[PDB]
Structure formats: structure tokens, C-alpha cells
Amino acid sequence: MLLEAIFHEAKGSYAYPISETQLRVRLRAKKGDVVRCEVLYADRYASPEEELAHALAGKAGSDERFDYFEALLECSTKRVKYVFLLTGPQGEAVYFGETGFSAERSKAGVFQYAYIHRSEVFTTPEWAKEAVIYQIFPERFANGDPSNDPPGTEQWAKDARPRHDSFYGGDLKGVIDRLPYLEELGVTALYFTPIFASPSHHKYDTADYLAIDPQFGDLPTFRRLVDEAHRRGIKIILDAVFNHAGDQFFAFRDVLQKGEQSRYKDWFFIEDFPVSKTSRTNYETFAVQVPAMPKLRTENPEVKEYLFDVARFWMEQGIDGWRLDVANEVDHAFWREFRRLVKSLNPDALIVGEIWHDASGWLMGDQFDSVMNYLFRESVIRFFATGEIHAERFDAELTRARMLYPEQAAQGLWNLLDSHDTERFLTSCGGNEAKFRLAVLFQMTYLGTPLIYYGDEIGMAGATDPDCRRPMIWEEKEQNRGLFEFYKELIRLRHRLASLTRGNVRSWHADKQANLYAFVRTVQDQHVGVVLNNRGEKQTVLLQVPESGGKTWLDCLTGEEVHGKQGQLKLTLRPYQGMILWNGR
């Protein structure tokens, strides 16, 4: 077997604590090479004479190239050393440890997890495990207060096409007013795009961190909002824009005015004085040449103390946590201290970073609780929208992504389809509703936390920003109620079936040919099995279901009852149909 494909490291995603006395460990091997992975382990100081402990590692998944193996170590002493025993299909045995490979245990050496610290156990808020989140881009959700509408507000109609600088009048009073709609949908948290004083429709160039933007409301309206949402089981997440200020931020105005007399010059990244050249800015901005968005020097303890003060302020209004804009471009120390502070004020405050690539380095337990899982979105796109990948690549892409982080992270990754920075997911499906609903079914059943983007639930389309930000369709007639009852129904299932909010995932069937993908959520003895017929025609499948997992299932959407003769389940799906099979437990 291929030793060049064998991997483990006693840290990160490969070895990490689940409590104070148990370590999770993972090994990856060329797909097919190992058939048995066993951990032989002991206290770090055990005498060379005491017997090893055994823990046999099940295969938790496979991608394009690897199999992944997973085991739980029971470490009373909280200090472990161990070695893997791998066995190939012909019964070849090799010992894998820190020192290397060898047929002699001893010669493999031992990886070591020196010590489990209670404070180093990744722990996330419980409500997040089983939440569904709704993203509101306030400027375009609901105009409930016409008197606070910005100048030149265009008209709020069924098919306005917004320009980069448009205003439609959405505000906070409109959220308050639409809360029954939200509660009826079944959402349990709201993700607000930025809502602090800024002169733009997105408000990502902050004028004032400590004020509601006047055309969104005032602080009393916000408090009225937090409570009104809270009494309906809805939390409030706010968008913390800490990477950069807007060009009207007090300190930066100081800087434009006083040049290098400003007490605030080292709060920014000023290339030379006077600060301002437009089409050529002489200061570093978000992205490239974005004069409204000078980068904040978060490494500056003054800059840091100030944003910490912001975070406290809003947290005293009772919000429920943060979404961290361009988070991967502010330093790690900032984020570790931000967590120490945030968790200290509210152990249940959630923290979610806006990073699009491999966020493994902010998801070890000391920074973010979760991220907007744009990876999740990529696989979803290329599988149900564009169809670039078939069912077996999809499975690899899902799994490989699943193994990237500690479980505590993957349990509450924000799995979206689209956002305010993206074309709408119906649009990626070229308007094909049938493919869309399958992507929604998938989303509402897969591991992680579903994020809805205001509007998707009733049919809204659009190309990418600023077209993905149209005014929300509110006229019953103009809305896809069929799709709305669909989200509603899916959301209640998610709430009833613990398995869907808390169970794990294992691939159940994956056939590149039929393009029929299935997976299984399990918590305790509950098995829910989801099947996806992502094909234009109608097909049949024989799913391997052993007698142990139950032999009778109930299809949750239709009520249909299904039966397994002989370790097998025969199933006939309709074009783009999905089934959600509860094993009755």
C-alpha cells in the first residue's frame, strides 16, 4: 500500500479534543489501501510494560483519491500517545507513527497529544447547532417607514433593476412589520447586512459605528426590533465591518483634514501626505482603489480597543452575535481577543467569518464559531445549477470539504446558495425551478446551518450584485407560494428530526451514471436517508440498506411507506425528485 498517501498530524483537523478526556483522530490513506485502521494508545507517561488501549477507527468517508478514518481516544489522564495499525485488503499490517512506518510497532514511534486543556475544547453555542438563518439586506427588504426614505428613492416594484447607487427605502420598521412572515417561514435567526450610519445602499463604508443609519431608523427602533424578534424565537446577528472604515469615519476625517498632525494617522495605512488622490488613492483600501473604504490598522491597540468598544455597545442592545466582513484580512490576535471578549459577555453570542476559501485556520476553536461556507456553495452550484460535476464528484467535493475542519465547525457552517455578492441561485439554474428545489432540499437536509437569502423562498431571480439585490416581492400574487410552502415544510422537518440538526453524515449511494446521490444523517438510532434524483428523466435504484438500520422507512414529504427485501431498498424517483426517508426511530 501507498505510504506516500498516508497522512496524520497530531493537531488541526487530524487530532483534536471533543471533551476534556476524549480525543478525535483521523487518518487518510489512498482509497482502497486500508480496510482496517486501529489505534493503539496510552498515557504519555505509561510504563513500557503497561498494555496499550485499542480504539478501532471506522471509515468516516471517501473522496476522489482518499479514504478517511476516524477514531475516538479515551484519555482519562488527558495526555495521550498513540500509533496506528493499518491493515491492507490481503492482511499486510503496518504500524504508522511519528517516527514513520514499520512492521515493528516500536520502530513506527508514537504521535503525541501532550495535553487536553478544558479551555481548548472547541465549543459553539447550542442554539446554532439547530438553527436556520435568514439573510436581510435591509435597504431592500421592506419599506415600513416612507418618511425616512433616502433622496431619489426609485419605486418598489415587482421588477425594478437596481443600479450600483440605487435606493428603494427598505428600513428597520419594515423588518418589524414583516416579522410574522418570518416567523411563519420558521427561521430562528436573522443575518443583517451592515446597518450602521453610512452614505450608501450597502453601508460597508461606515461613517459611524455607533449609530443606526438614519434612513434605517434610530436606536429605539432597533431595540424594538431585537425584542420583537426575540419574542418570536428569532435571534439577531449583525455584520461587523472591522477590516476597513468608510471615508467619513471621524478618525479618517481627522486624517483628511489634519494630514500628519492627526492623532489618527497610524489608525490607517497612509502611503504619503495629503491623503486623498481619488482615481489614485495614496492610502490602502479594501480591494483595489476604493476611496470610501480605507483599511483599518487592527494591529494598532488603539484601533482594536475602539472596535472592541463598538462590539460591546451593540452587545448591550441584546443582539446575538456577529458576521465578520472580509474577516480573513484582519489579524488572528485581533480575532482571538475578539472571541475572548465576545464569549465573556455572552457565552451564546455566535461568531461567523466571511471567508470564501479554506477557512481551516480560523476554525480550530479560538476564533470563529463558523464561516459562510462558500465552498459548500461551489459544489452545490456546479452540481445542481451548471451540472459541471456528476454525482460522484459531488460526493467527493462534499466529503473532502467535511474533513477540512474539526466537527464542531462543520456542524454549524453557514451553508448558503447565494448572497448579496452573487447572482441568485434560481439564476444559476437558468430559471429552472425543478433543479432549484432539489438544491433547497439538499440544503435543508445536509450537515451544517442553512442560510436563506431574502427572496429565494418565493422565487426571486437576478444576476450578480447589484441585480441580486432587487426589492423583495411582497404581493401574494407575484410570489411563488408553492415554493414558500416548500421551505416551510422542509424547515419544520429539520426541527422535528434531531438527526438533521445534530446527526452526522455518511454517503449512502453515489452513481455517476444515473447522477443519483444519497446520504444518511444519524444521531443515536435515528436514521434519515435523503435521495436525490438530479436527472431530467425518471429512474430506479437499489440502495444497499442492511437489516440493522431498520427495514421500514417513512418518506417524510409524501407519507409513502417503503420496504426493504433482503438488505435492499428499490426506489423509483421522478425527474429532479428527492426523498427524505425516516427510519422511524
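Start at 1 and count along the sequence shown; that's the residue number.
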Legend entry - 513 to 521 or 44 to 52, whichever carries the higher mean Cα B-factor: 44 to 52
Legend entry - Higher-B stretch (mean Cα B-factor, as the entry records it), 266 to 274 or 463 to 471: 266 to 274
Inset, instruction - Determine which member of 198, 443, 106, 119 has the highest CA B-factor, using the values in the deposited entry. - result: 106
Legend entry - Top Cα B factor in the deposited entry, candidates 235, 297, 78, 343: 78
Legend entry - Chain-wide C-alpha B factor ranking for residue 10, given as lowest, middle or highest third: lowest
Inset, instruction - Taking the chain's C-alpha temperature factors as the reference, tell me which third residue 138 falls into: lowest, middle or highest. - result: lowest
Inset, instruction - Just say lowest, middle or highest third for the CA B-factor of residue 386 relative to the other modelled residues in its chain. - result: middle
Legend entry - residue 331, C-alpha B-factor rank within chain (lowest, middle or highest third): lowest
Inset, instruction - Quick one: classify residue 28 as lowest, middle or highest third of the chain based on its Cα B-factor. - result: middle
